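Inspection log for the structure reproduced underneath, given as structure tokens.
Each reported figure results from applying straightforward, stated rules to the coordinates on display, with no laboratory input. Don't worry about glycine lacking a Cβ; one is built from the backbone with ideal geometry, like all the others, and counts go over all protein chains shown.
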Amino acid sequence: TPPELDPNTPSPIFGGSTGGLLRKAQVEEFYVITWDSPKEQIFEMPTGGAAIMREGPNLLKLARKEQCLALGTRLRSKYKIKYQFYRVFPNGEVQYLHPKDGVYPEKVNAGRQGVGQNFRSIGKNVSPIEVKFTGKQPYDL
Amino acid sequence: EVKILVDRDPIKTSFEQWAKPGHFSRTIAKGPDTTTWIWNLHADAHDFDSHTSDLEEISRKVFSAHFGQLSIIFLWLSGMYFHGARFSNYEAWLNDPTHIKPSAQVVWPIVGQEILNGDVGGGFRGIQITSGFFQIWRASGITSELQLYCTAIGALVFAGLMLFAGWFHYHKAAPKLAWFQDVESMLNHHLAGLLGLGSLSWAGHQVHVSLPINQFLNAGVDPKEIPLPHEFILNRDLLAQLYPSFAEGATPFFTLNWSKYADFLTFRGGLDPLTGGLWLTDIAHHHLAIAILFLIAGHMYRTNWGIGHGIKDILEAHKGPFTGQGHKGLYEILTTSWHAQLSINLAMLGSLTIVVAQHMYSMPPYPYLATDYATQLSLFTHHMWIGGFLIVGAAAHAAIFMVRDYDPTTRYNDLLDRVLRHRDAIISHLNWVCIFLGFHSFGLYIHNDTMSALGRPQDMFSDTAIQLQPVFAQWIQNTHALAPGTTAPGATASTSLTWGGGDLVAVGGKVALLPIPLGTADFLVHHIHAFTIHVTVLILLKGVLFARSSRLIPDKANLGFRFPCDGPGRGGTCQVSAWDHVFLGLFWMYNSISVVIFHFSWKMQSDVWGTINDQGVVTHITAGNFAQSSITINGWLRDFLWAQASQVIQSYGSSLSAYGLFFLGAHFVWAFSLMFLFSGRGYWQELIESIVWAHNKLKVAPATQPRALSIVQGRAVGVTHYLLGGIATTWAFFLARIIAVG
Amino acid sequence: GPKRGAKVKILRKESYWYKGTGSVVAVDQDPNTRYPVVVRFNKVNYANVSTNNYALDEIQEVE
Amino acid sequence: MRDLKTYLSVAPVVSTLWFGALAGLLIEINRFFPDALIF
Amino acid sequence: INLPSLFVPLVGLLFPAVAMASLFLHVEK
Amino acid sequence: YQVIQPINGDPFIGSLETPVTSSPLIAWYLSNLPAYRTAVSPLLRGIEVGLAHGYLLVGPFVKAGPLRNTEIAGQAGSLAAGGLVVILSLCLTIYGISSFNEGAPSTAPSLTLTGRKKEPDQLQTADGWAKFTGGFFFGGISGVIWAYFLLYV
Amino acid sequence: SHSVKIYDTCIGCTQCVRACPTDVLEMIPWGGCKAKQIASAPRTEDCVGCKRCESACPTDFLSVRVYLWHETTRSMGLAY
Amino acid sequence: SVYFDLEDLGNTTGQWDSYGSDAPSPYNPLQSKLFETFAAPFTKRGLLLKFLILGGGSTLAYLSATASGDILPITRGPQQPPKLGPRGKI
Ligand code: CLA
Ligand code: CLA
Ligand code: CLA
Ligand code: CLA
Ligand code: CLA
Ligand code: CLA
């Protein structure tokens, strides 16, 4: 399945705060979260203060991914509304982040390959002396 | 339509809930699996918000709770009066206030504690009290132990009535939410009925009982020989002998010839030379005027008739270009959230207790109070502490509102939102001003210490080197001293002797009050005060403004008001909760108040208190060393702490020995807090694992699994023992010092 | 494996109830289940949990 | 009444009464046999 | 007293300046 | 009408537009400061900045220093001011060496408030910062000397 | 970045995944437990190391483990 | 009415010059030449660093080694007779 496209949709109503983007957005990376609201309504900003989401498509730029998943969590939990978010680099490149494969990570979905899964109980990790002078950790085996 | 709204029998009265610990919480009611349960039971006992979502039930709970508190206080007053009647030297003290030490506690003779019953005078052996009850009782016109007994009985009765009122207004007739929400009516009744009629009727007691009996006492007549208070009401001839105005009855009052009442309603100011206290005539007039003011003030808000303001209207009327909607929405917030109210009221009540401390030192309202240095020092310190604590509480509950009750989707306010939108600027600015203040106050002290150590006193900041005069405060002093002649013609003297100009009031050979000089040292300490207060504000305000979210923790609000952290991630997020900000703010409040009470103690012992010789030679307790000694940390270390701790450290074998014991005990508890503050519960849990093993080996392991305290409780225990320790230390120090050299 | 309600000793070293005894609730018959032996304990762990899954070599039927 | 008795049997009340009784005992003993340094 | 007037400001002012600048540049690279 | 608005219209950039931040008087004032002369040689900027700073620096050293009450007050104070000028020049120098590589281009903004492109400040380059520091040293010492002259000669 | 590992004592209650504030974990098909699923950590570059996941895990001992490792601007939770 | 543009990431992230003015040099041309010729030696950061360190150290050493007794009490030395120690020790 192909990821969601990212157009220029209007941003929520807000008078502006001091909790928004900084130089990190300019030099390193920032983030963008989009959602579709049934009506105009008030929501609390992750960066502090109250804003108004418009009806239809909404696009909000945040400084951290955690802020994005926080806002999105509040959207899905309180306003019963689906959301997505991407990471954006200064060169213009956009990386689709969440939800990765179109399905929320809470519920299982075929197609996902395991990462960092050790097929052994945690107590069966080797002692540090077993990995001395190697680059390996007892949990990397 | 403001009216009496009440539900009948909301809760059945039964001991069934008494036999079920933690009934208020579904979690705690299930019982203990670990020992943690126990602590929780006490931690959430009065957190009614975590009990129910219903604002009404919470409101009822707080109402009856308040009744319980008032009951306790009445029982306390009852105790004080009863001990003043049965176990004291009060009458003897009345006979000779200047050479008898106030005592109203005696100890039983076991294990040698009998030594605590010291020679307080009046042919009595006991513990010298510093609460100041004797001067109050003298001011109220009380002369016998019988009257104290009667007041005790009255207070006990009132305790019963308050308790019954609690039970009644919780179990039998519990007010509706609309009733509690009638804020216009509550404000009216509290302004006019409580304060107004309070000071009015008190002015009644003062004019009919206090003034005459005190006039007699001051005349010198034996207390037993003084006419009983009821006689001054029955026989107007006596009052007429004392104040001829009463010969014309209440006629000059209604005929607007108020000038005729200048006999007992004066406006002299200053202090009565033969008592060292404010003029009781001035006090009676004060309470009368205050009564009028509050009485008319209690008719401001609209209730059941057209006249009167609406709070919401006044709020919604105030909105500017900088603030947009202004104070709109605040009425709804302040009529649905107990925590916001508690915040405001704690801040203001604390501030009030502070102003009470200052005003009571500088304008002694009770007879023979200013020369009872022990009592004055005690009162100042006490009320200062109470104030600081209440203020920190204001921060706590502000934050608690911020987490639990704030909801911008249903109860929005523009001012709060705008505050939240530039919180970074506010906190950063407070930060900077704190660093600046710290440098330019403490740095002056370190500068002085260094110059003094290097043999360069001419390079210090002092009155004899680089001067830093409190010009503004000096100007205010001069202005207030010259006021009686210019801007307050009807006033005879100044409102306080402490102003830059004036004479000197002494009683019984001791200095009551004199003009307080302000120099470089005072500039220094005042800026220290500004610094410490600013830091405390920084911590607390940062705590409440970032209680909901930060760039670090975007969803902090969901973690609650009180939680240890959000893990070692993000570099480490310990103490991010607003509760932890209350926790740090407590330490800083302790710091500030400590340096404040040290300031008061040293200044009073150095430039004010002391004995006065004939021809006017004043010898102060520490001989005016403040101006030269308080400009270095070493000066406080040696001339204040080291020098004055003498009395406490050699108090053994005397009646003041309990203060030595408490000195050591407080030091101990203080150090003991550091174990909790410096450590963490993981270590303690593992140690507990080993000990539990040992208990299992001998079949004595408890079913309620021994658990280390939570992180938060570790912090709470820490700060509690820290405060108790430090404060009790300064307590013992102060009391032993001032009782021995006073 | 052991029966239901059987008193077993815990052999998993990293367990809160290691070297202690618990009671068997149910054993999963699915051979793909890595830890079938469901055990319940008299005392809760540091996570307020009173039940845990173990393998056949992590329990020892005793009495 | 049974509930009240149960309440009186709760840990803090039991402790107050027990340590109250102990305090009374030790006090009276130290009043009758005072200044004991031996035995 | 001759040498100390030379060596003291040398070790107390010049040396720590040189060292701090050097370490700064080293750590920033 | 309202007074406070989002920074340059963007409500999600971490700042606000107030009379303090953006009003004609302050804007004109700051834009005419040697630091914001974004189109002129950093050398001259450095000369101005250093001149002003050394000049002000002479003041507090002379009156507050250890030799304030001696016939050798001005010499001592001015010398100390020159010393701080040297030290700050050293600070500026190491800042330049550490922050900018000789190859790296300007890190200054390349846009205006309106959003049009413009030539980035050459103050944020290695050569530019080196020139600025030279100017701060020259102008600094010169300012100290000038102030000392006005005060004691 | 921090390191996050899942062990086969996992019973797939999904509690850890819905506890992560930065979307690091997810559930994948598996046959080792009745829930027919196991946790996984494909996005530890966004991991901050708060350990909410570990606090959410029911198993004894933990089936999810977070070893704080190399420190980055994302793992430090910085927004500047 | 939007604030997101991939082609213009500059305006998107507020990378603006708030107070930088494109105005030409307002300075004195003669003074400009004066400074551009006389302040030039200090515009090489390595050479400037070496000069400030070595020169600064040299100056400090000069004023230190030749400090008068009327300025520094440490160079003037003791002028009063020495006092005896606590236990009759020199
Ligand atoms: C806060 C107020 C207060 C405080 C701090 C004190 C403190 C004191 N009083 Mg005072 N007293 C007070 C109010 C107070 N009193 C009031 C309002 C009255 C009028 C009734 C009195 C009448 C009074 C008298 C006549 C005497 C004192 C005495 C004393 C001293 C010794 C107390 C003692 O050993 O009791 C005795 C100890 C006990 C009774 C211990 C029993 C505790 C039980 C076992 C606890 C059980 C728990 C249970 C829940 C509590 C009962 C609840 C009840 C509803 C059933 C002590 C300084 C004595 C004194 O000063 O001698 C020189 C003394 O003779 N008091
Ligand atoms: C006298 C008979 C009586 C009986 C049988 C009850 C029974 C009940 N009350 Mg009621 N109530 C009463 C009188 C009574 N009350 C009085 C006199 C008041 C006014 C204070 C109230 C006001 C009131 C409120 C506000 C609430 C109750 C509640 C309850 C129910 C649960 C309370 C409980 O079990 O904890 C028993 C509590 C204790 C055993 C502790 C007593 C705490 C004392 C009073 C505080 C003062 C102690 C003081 C600080 C001493 C410390 C000394 C030193 C160690 C520091 C229970 C049905 C609660 C309820 O219904 O919840 C749904 C509830 O919220 N009552
Ligand atoms: C105006 C009075 C007032 C009232 C009605 C409240 C009410 C409340 N506070 Mg607040 N608060 C206040 C003032 C007040 N506070 C002040 C002055 C401070 C500064 C210290 C605070 C700081 C504060 C914090 C940090 C917290 C609260 C919390 C609460 C809530 C739970 C309280 C509870 O159940 O604890 C039960 C009561 C106790 C456990 C009492 C024990 C306290 C110590 C151990 C006693 C100190 C020792 C004593 C001085 C001497 C001991 C002698 C001897 C026994 C050794 C409750 C709504 C809590 C909350 O969660 O709110 C939602 C919370 O976390 N308050
Ligand atoms: C190694 C131990 C040691 C210590 C603690 C001191 C301490 C002192 N020396 Mg002495 N010095 C030492 C060895 C030491 N010296 C030796 C071996 C010589 C013979 C070369 C000298 C020659 C000397 C002279 C001529 C003078 C001092 C002076 C002083 C005083 C001022 C500091 C100073 O400027 O000296 C500077 C010290 C040197 C130039 C010699 C040290 C060179 C060695 C070989 C290298 C040291 C590197 C060091 C370990 C690095 C540490 C920093 C690093 C960890 C970051 C100070 C009390 C001054 C004084 O007495 O004023 C009253 C002074 O005028 N020292
Ligand atoms: C440990 C090494 C060290 C040494 C040798 C000195 C020496 C001195 N300090 Mg101290 N100082 C130090 C560390 C040191 N400081 C530290 C660590 C602190 C912070 C705690 C201070 C805080 C301090 C203050 C606040 C003051 C001093 C002052 C002084 C001067 C004494 C006053 C005087 O009458 O001189 C006579 C001084 C003059 C006549 C003017 C000096 C002009 C200098 C010599 C020109 C040097 C120029 C050159 C470019 C310096 C570059 C050095 C760099 C490249 C390494 C003296 C030169 C006083 C001062 O500087 O007076 C101006 C002074 O007010 N110091
Ligand atoms: C933090 C408080 C503080 C203050 C105000 C002072 C002040 C002073 N110290 Mg002291 N000193 C301090 C702490 C302080 N010290 C501490 C903690 C120590 C122990 C380490 C010392 C150790 C020490 C020594 C050994 C000596 C001094 C000396 C001095 C004097 C000269 C200092 C100097 O030459 O600096 C230069 C001054 C400046 C560079 C001023 C800069 C600040 C300006 C005003 C900033 C302006 C910003 C502006 C208002 C913002 C708006 C800008 C806009 C208008 C454009 C001066 C009175 C010397 C002396 O002899 O005193 C008599 C001296 O020998 N100090």
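Provide the gained length on full extension for the span B:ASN431 to B:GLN685, in nm with one decimal, where the gain is 0.36 nm per separating residue minus the Cα-Cα distance.
87.7 nm
What FRET efficiency comes out for the pair A:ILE129/F:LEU33, r = Cβ-Cβ distance, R0 = 41 Å, nearest 0.05? Intermediate values should be presented prior to the final figure.
Values: r = 63 Å, r/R0 = 1.55.
That gives a FRET efficiency of 0.05.
What is chain B by shape, rounded, prolate or oblate, if you read a ≥ b ≥ c off the alpha carbon gyration tensor as root eigenvalues and call it rounded for a/c under 1.5, prolate for a/b larger than b/c, and oblate otherwise?
Here chain B falls in the rounded category.
Within 12 Å, Cβ to Cβ, of B:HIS51, how many net charges do the neighbouring residues add up to if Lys/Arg are +1 and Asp/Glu are -1?
That works out to -2.
Work out which helices of chain F, taken as complete DSSP H runs, extend at least 18 Å along their axis over the Cα atoms and score a mean Kyte-Doolittle of 1.0 or more, then list them.
Answer set is F:73-99.
Under a crude label model (7 Å from the Cα following the beta-carbon direction), how far is A:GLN113 from D:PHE32 in nanometres?
8.8 nm
I need the trypsin sites (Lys or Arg not before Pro) found in the stretch G:12-79, filtered to DSSP loop residues with at most 16 other beta carbons within 10 Å of theirs.
For trypsin sites (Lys or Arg not before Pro) across the stretch G:12-79 that sit outside H, G, I, E and B with at most 16 neighbouring Cβ atoms in 10 Å, the list reads G:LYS34, G:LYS36.
Using 0.36 nm per residue of separation minus the Cα-Cα distance, give me the extension gain between B:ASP222 and B:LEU664 in nm, one decimal.
Length difference between fully extended and current span is 154.7 nm.
For chain B, with only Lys/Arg (+1) and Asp/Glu (-1) charged at the beta-carbon, what is the dipole magnitude about the Cα centre, in debye rounded to 20? Each step should come with its number before you reach the end.
Values: 43 positive and 48 negative charges, 351 e Å.
That gives a dipole near 1680 debye.
So how far, in whole Å, is the C-alpha centre of the stretch F:1-79 from the one of the stretch B:4-24?
Between the Cα centre of the stretch F:1-79 and that of the stretch B:4-24, the gap is 68 Å.
Treating only the Cβ atoms of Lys and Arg (+1) and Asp and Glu (-1) as charged, compute the dipole magnitude of chain A about its Cα centre; round to the nearest 20 debye.
420 debye
Separation of the stretch B:650-698 and the stretch B:348-380 by C-alpha centroid, Å?
35 Å
Treat the count of other C-beta atoms within 10 Å as a stand-in for reagent exposure and order A:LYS24, B:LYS101, C:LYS13 from fewest to most.
With the fewest neighbours first, A:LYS24, B:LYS101, C:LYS13 line up as C:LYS13, A:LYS24, B:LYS101.
For the stretch B:43-50, take each phi angle, set θ = phi - 60°, evaluate the Karplus expression 6.51 cos²θ - 1.76 cosθ + 1.60, and give the result in whole Hz per residue in order, putting x for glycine and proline.
6, 9, 4, 10, 8, 5, 5, 7
Using the reciprocal of the averaged 1/r over all distinct C-alpha pairs, how large is the Kirkwood radius of the protein assembly as shown in Å?
38.5 Å
What shape does the stretch B:87-227 have by the C-alpha gyration tensor, where a ≥ b ≥ c are the square roots of the eigenvalues, rounded means a/c under 1.5, and otherwise prolate means a/b greater than b/c and oblate the rest?
On the way: a/c = 3.15, a/b = 1.59, b/c = 1.98.
Because a/c hits 1.5 or more and a/b fails to exceed b/c, the stretch B:87-227 counts as oblate.
Based on the inverse mean of 1/r over its pairs of different Cα atoms, what is the Kirkwood hydrodynamic radius of chain F, in Å?
Evaluated over chain F, this radius sits at 17.8 Å.
If you average over every viewing direction, what projected area does the convex hull of the Cα atoms of the stretch B:138-218 give, in nm²?
7.0 nm²
Is there a pair in A:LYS39/A:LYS80; A:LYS78/A:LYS107; A:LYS136/G:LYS5 whose C-alpha atoms are over 22 Å apart, and which pairs would that be?
none
Where in the stretch B:370-386 is the amide nitrogen less than 16 Å from a point lying 7 Å along the Cα-to-Cβ axis of B:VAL356?
Under cut-off, by backbone N: B:376-386.
For the charge dipole of chain F, defined by +1 on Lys and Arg C-beta atoms and -1 on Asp and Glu C-beta atoms about the Cα centroid, which residue among F:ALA76, F:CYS91, F:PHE137 has the Cα displaced farthest towards the positive pole?
Result: F:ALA76.
Please order B:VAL355, F:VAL58, B:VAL183 by the number of other Cβ within 10 Å, starting at the fewest. List each step's numbers first, then the result.
Details: B:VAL355 12, F:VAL58 25, B:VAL183 15.
In order of increasing Cβ crowding within 10 Å: B:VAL355, B:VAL183, F:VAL58.
Under a Cβ-Cβ cut-off of 11 Å, what is the net charge of the residues other than F:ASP10 that fall near it, where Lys and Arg count +1 and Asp and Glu count -1?
Result for the local shell: 0.
Express in whole angstrom the spacing between the alpha-carbon centres of the stretch D:5-26 and the stretch H:1-48.
Distance between centres, Cα-based: 82 Å.
Calculate the FRET efficiency for B:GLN241 and D:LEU25 from the Cβ-Cβ distance with a Förster distance of 56 Å, rounded to the nearest 0.05.
For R0 = 56 Å, the calculated efficiency reads 0.35.
To the nearest 0.05, what FRET efficiency results for B:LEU274 and B:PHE15 with a Förster distance of 51 Å applied to their C-beta separation? Write out the running numbers ahead of the final one.
Details: r = 59 Å, r/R0 = 1.16.
The formula returns an efficiency of 0.30 here.
Provide B:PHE640, B:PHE401 in ascending order of the number of other Cβ atoms located within 10 Å of each residue's Cβ, fewest first.
On the way: B:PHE640 20, B:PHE401 23.
Placing the least packed residue first, the sequence is B:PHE640, B:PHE401.
Given points 7 Å out from each Cα along the Cα-Cβ axis, report the C:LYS7 to D:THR6 separation in nanometres with one decimal.
If labels sit at C:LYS7 and D:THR6, their model points lie 3.1 nm apart.
Percent relative contact order of chain B, based on C-alpha pairs within less than 8 angstrom and at least six residues apart?
Contact order relative to length: 12 percent.
Once a ≥ b ≥ c are taken as the square roots of the eigenvalues of the Cα gyration tensor of chain A, is the result rounded (a/c under 1.5), prolate (a/b larger than b/c) or oblate (a/b not larger than b/c)?
Working: a/c = 2.42, a/b = 1.93, b/c = 1.25.
It is prolate, given that a/c is not under 1.5 and a/b is the larger ratio.
Take B:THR251 and B:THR720, extend 7 Å from each Cα along the Cα→Cβ direction, and tell me the distance between the two endpoints in nm.
6.6 nm
What is the magnitude of the charge dipole of chain H about its Cα centre, with +1 placed on the Cβ of each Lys and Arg, -1 on the Cβ of each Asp and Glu, and no other charges, expressed in debye to the nearest 20?
Using Cβ point charges on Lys, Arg, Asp and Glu, chain H gives about 1420 debye.
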